[PDB]
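Here the structure comes first, spelled out in structure tokens, and everything after it is commentary.
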Amino acid sequence: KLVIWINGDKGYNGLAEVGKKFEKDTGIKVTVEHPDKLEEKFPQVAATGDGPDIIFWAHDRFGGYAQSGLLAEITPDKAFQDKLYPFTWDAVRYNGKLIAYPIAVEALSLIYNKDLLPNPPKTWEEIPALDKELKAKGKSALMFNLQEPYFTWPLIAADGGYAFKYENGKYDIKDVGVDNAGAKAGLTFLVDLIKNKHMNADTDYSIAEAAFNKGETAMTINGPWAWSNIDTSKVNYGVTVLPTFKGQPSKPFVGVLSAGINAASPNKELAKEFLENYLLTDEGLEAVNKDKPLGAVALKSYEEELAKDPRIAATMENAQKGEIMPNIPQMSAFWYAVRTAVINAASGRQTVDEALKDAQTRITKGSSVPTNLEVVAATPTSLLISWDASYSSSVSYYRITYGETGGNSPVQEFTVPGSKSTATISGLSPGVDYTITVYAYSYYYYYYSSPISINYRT
């Protein structure tokens with residue numbers, strides 16, 4: 001009666017122990033599975049009404065699922081919500097609804113070699129001089145993956161950068177924080193570190209992991225997935241809060257391991273019972289963690305116990321000071337544009353100011369409204385489609401049209417409320433190529449610049 005999907009690298013046997021205690025009490029059998037590519041197969045099986053009752057995955061994928069209506073809105077009462085860190089609740093919200101239970105929390109931290117650097121710097125500003133001192137021992141102060149905005153963002157955000165403003169339980173996709181004074185300040189500092197020869201523009205993930213793990217550099221910036229390679233290296237390392245910039249914390253993106261209930265589940269009360277009363281408890285998380293460490297957790301009572309490990313407490317401190325990873329598809333524009341901006345600024349192809357201005361422009365440029373239109377499932381006579389709900393408060397309704405590609409027969413259409421992000425097209429024809437267009441209408445009798453279309457062969 002409860003089928004749960006969780007990745008093969010998590011403590012699925014521990015989860016199954018919690019499930020056998022539930023069965024003890026209810027007589028309901030819990031079945032924990034860990035299929036290959038489970039994050040890809042879930043939406044395929046869930047969309048046709050199948051799939052597990054509960055799925056565990058990083059929250060950033062759950063926005064995609066919630067876009068497609070594949071996750072049940074959950075109903076934890078205020079007392080239950082107060083049991084978890086407030087900010088974890090922000091990671092599981094989509095289009096005005098809570099769509100999963102937060103489980104665990106992941107963020108970058110400062111990792112340091114305790115033999116080379118027993119007292120790591122609290123500020124980014126102190127790094128040039130620490131590097132000068134360490135170069136003289138033929139070492140360096142810091143190496144990390146400069147190639148990727150995920151790893152450089154925490155410095156660029158410190159002084160005021162942000163991806164998309166998050167304000168009332170929602171992202172404002174028009175308010176983007178890439179070319180502001182703060183972002184420019186962080187990026188200039190990083191580029192000065194390179195110009196002044198404390199870092200190399202070409203350092204990537206392996207080059208930094210090798211240097212740290214060989215004892216060649218005193219610090220790196222990395223996440224809890226890196227620790228076991230360090231354990232095996234025999235560097236005596238610590239994990240601490242990221243340095244401050246201009247007196248403000250570095251702000252790493254936060255990934256929250258979450259548990260959603262399948263919208264098609266006939267067991268949703270069962271799932272809530274299991275998730276609220278068995279799994280999100282000291283005893284339940286202990287059972288999973290004892291099998292495979294969950295890292296830092298959303299549940300305050302048990303985080304308080306795990307925090308005896310300074311590395312876990314560091315993950316949570318850095319997470320609380322960081323910014324939940326947006327669960328919206330506009331993030332792909334962000335990564336493309338910021339990735340280019342940092343590479344150009346670091347190589348001196350562009351100045352920091354022009355690089356970030358171009359990145360900002362690229363992210364906020366006119367595009368599809370809605371965006372992210374997709375076929376979620378198909379049969380030979382029907383399609384289930386979905387689109388991003390980011391503009392729902394500005395949209396009165398969506399007008400959806402569809403017809404064979406290239407053809408002149410009467411276009412078929414219908415509408416759906418502006419709070420919606422899914423539709424079913426049916427009465428279709430096997431093997432036929434169809435064009436599907438979605439127009440987003442405002443409250444004032446016009447559609448927003450740029451309806452979106454896709455083709456799909458039935």
Side-chain angles (χ1 to χ4, degrees), residues 1-66 68-76 80 83-84 88-89 91-92 94 97-106 255-299 302 327:
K1 283 267 198 283
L2 283 182
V3 176
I4 307 173
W5 278 9
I6 186 161
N7 216 32
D9 61 350
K10 318 288 201 201
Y12 56 86
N13 281 145
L15 180 61
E17 292 192 54
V18 181
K20 71 118 102 40
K21 178 162 167 53
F22 191 75
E23 180 200 339
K24 191 75 49 27
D25 295 352
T26 68
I28 289 297
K29 312 310 208 79
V30 184
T31 291
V32 175
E33 307 167 344
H34 44 98
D36 300 326
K37 286 303 175 180
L38 77 81
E39 80 280 30
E40 311 186 9
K41 294 162 187 182
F42 178 77
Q44 312 186 174
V45 298
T48 58
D50 305 345
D53 305 289
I54 297 161
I55 175 171
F56 281 78
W57 197 269
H59 74 105
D60 67 346
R61 197 50 132 103
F62 282 12
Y65 299 168
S68 297
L70 294 177
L71 291 175
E73 173 174 23
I74 58 164
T75 55
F80 183 88
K83 285 182 193 165
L84 289 57
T88 62
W89 289 111
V92 293
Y94 186 85
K97 302 182 179 201
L98 261 33
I99 49 70
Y101 286 90
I103 308 295
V105 169
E106 177 165 82
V256 175
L257 199 224
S258 300
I261 302 172
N262 187 337
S265 180
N267 298 115
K268 316 184 167 73
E269 257 309 324
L270 283 187
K272 174 185 198 189
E273 292 314 70
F274 176 80
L275 292 166
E276 295 186 15
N277 294 333
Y278 286 83
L279 178 78
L280 282 168
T281 59
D282 294 350
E283 321 81 77
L285 295 190
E286 175 170 21
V288 179
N289 188 84
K290 141 109 209 186
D291 181 6
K292 301 183 217 182
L294 281 168
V297 296
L299 193 67
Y302 188 68
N327 65 174

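Any value given below was found using the heavy atoms of this structure, including those in side chains, with hydrogens, waters and symmetry copies removed. Nothing fancy with the numbering, it's 1 onward along the sequence.
- Inter-residue side-chain proximity for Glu23 and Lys29 is flagged as met; some heavy-atom pair is nearer than 4.5 Å.
- Expressed to the nearest 0.5 Å, how far CD1 of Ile4 lies from CG of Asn262 amounts to 12.5 Å.
- Here the CD atom belonging to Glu106 is positioned 8.5 Å from the CG atom belonging to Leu257, to the nearest 0.5 angstrom.
- Within a 6.0 Å sphere centred on NZ of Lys268, heavy atoms belonging to other residues, nucleotides or ligands number more than 12.
- Smallest separation of non-hydrogen atoms from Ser258 and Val92: OG-CG1, 3.4 Å.
- Taking every heavy atom of both residues into account, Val30 and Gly19 meet most closely at CG2-O, 3.6 Å.
- Of all non-hydrogen atoms in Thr281 and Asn277, the two that sit nearest each other are CG2-O, 3.7 Å.
- Without hydrogens or angle criteria, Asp291 side chain to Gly14 main chain gives a donor-acceptor distance under 3.5 Å.
- Using modelled atom types, no side-chain atom of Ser68 and backbone atom of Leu70 make a donor-acceptor pair closer than 3.5 Å.
- Considering NZ of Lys272 and CG of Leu270, their distance stands at 12.0 Å, rounded to 0.5 Å.
- A donor-acceptor pair shorter than 3.5 Å cannot be found between the side chains of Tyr12 and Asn7.
- Ring geometry for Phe42 against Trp5 counts as perpendicular: the plane angle is over 60°, on a 0 to 90° scale with 30° as the lower cut.
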Practice task
Check the pair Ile261 / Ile74 against side-chain contact (heavy atoms from CB on, under 4.5 Å), numbers first and verdict last.
Solution key: CA-CA 8 Å; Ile261 302 172; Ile74 58 164; 4.2 Å; yes
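- Formation of a donor-acceptor pair under 3.5 Å by the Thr48 side chain with backbone atoms of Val45 is found in this model.
- The backbone N or O of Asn327 sits nowhere less than 3.5 Å from a side-chain atom of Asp60 that would complete a donor-acceptor pair.
- Contact check for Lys10 versus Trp57: no side-chain heavy atoms found under the 4.5 Å cut-off.
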Exercise for the section: Might you work through the side-chain contact (heavy atoms from CB on, under 4.5 Å) test for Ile55 and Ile6, ending with a clear yes or no? Expected result: CA-CA 6 Å; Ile55 175 171; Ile6 186 161; over 6 Å; no
Practice task
Give the C-alpha distance, both sets of side-chain angles, the deciding distance and a yes or no for side-chain contact (heavy atoms from CB on, under 4.5 Å) between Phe22 and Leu279.
Solution key: CA-CA 9 Å; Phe22 191 75; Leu279 178 78; over 6 Å; no
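- Between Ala264 and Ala46, the shortest heavy-atom distance links the atoms CB-O, 4.2 Å.
- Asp50 CG: more than 12 foreign heavy atoms inside a 6.0 Å radius.
- Side-chain N or O atoms of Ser265 include none that pairs as donor or acceptor with a backbone N or O of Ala263 at under 3.5 Å.
- A 4.5 Å side-chain heavy-atom check between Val32 and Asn13 finds every atom pair outside the cut-off.
- Atoms CG and CZ, on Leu280 and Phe274 in that order, are 9.5 Å from each other to the nearest 0.5 Å.
- Side-chain atoms of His59 come within 3.5 Å of backbone atoms of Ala91 as a donor-acceptor pair (strictly under, hydrogens ignored).
- Taken to the nearest 0.5 Å, the CD atom of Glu17 stands 8.5 Å off from the NZ atom of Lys290.
- Of the possible donor and acceptor atoms, one in the side chain of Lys41 sits under 3.5 Å from a partner among the backbone N and O of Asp36.
- For the pair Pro266/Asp53, a side-chain contact is recorded, criterion being any heavy-atom separation below 4.5 Å from C-beta on.
- Aromatic pair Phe62/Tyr94: centroids not less than 6.0 angstrom apart.
- Rounding to the nearest 0.5 Å gives a distance of 11.0 Å between NZ of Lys292 and CG of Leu15.
- A donor-acceptor contact closer than 3.5 angstrom is absent between the side chains of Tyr302 and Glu286.
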Problem - Derivation and outcome, side-chain hydrogen bond (donor to acceptor under 3.5 Å, both in side chains), residues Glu276 and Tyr101 - result: CA-CA 8 Å; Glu276 295 186 15; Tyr101 286 90; 2.4 Å; yes
Exercise for the section: Report the C-alpha separation of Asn289 and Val297 in whole Å, then their side-chain angles, then the decisive distance to 0.1 Å, and conclude whether the side-chain contact (heavy atoms from CB on, under 4.5 Å) test is met. Expected result: CA-CA 10 Å; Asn289 188 84; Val297 296; 5.5 Å; no
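- The two residues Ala259 and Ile54 have their closest heavy-atom pair at CB-CG2, 4.1 Å.
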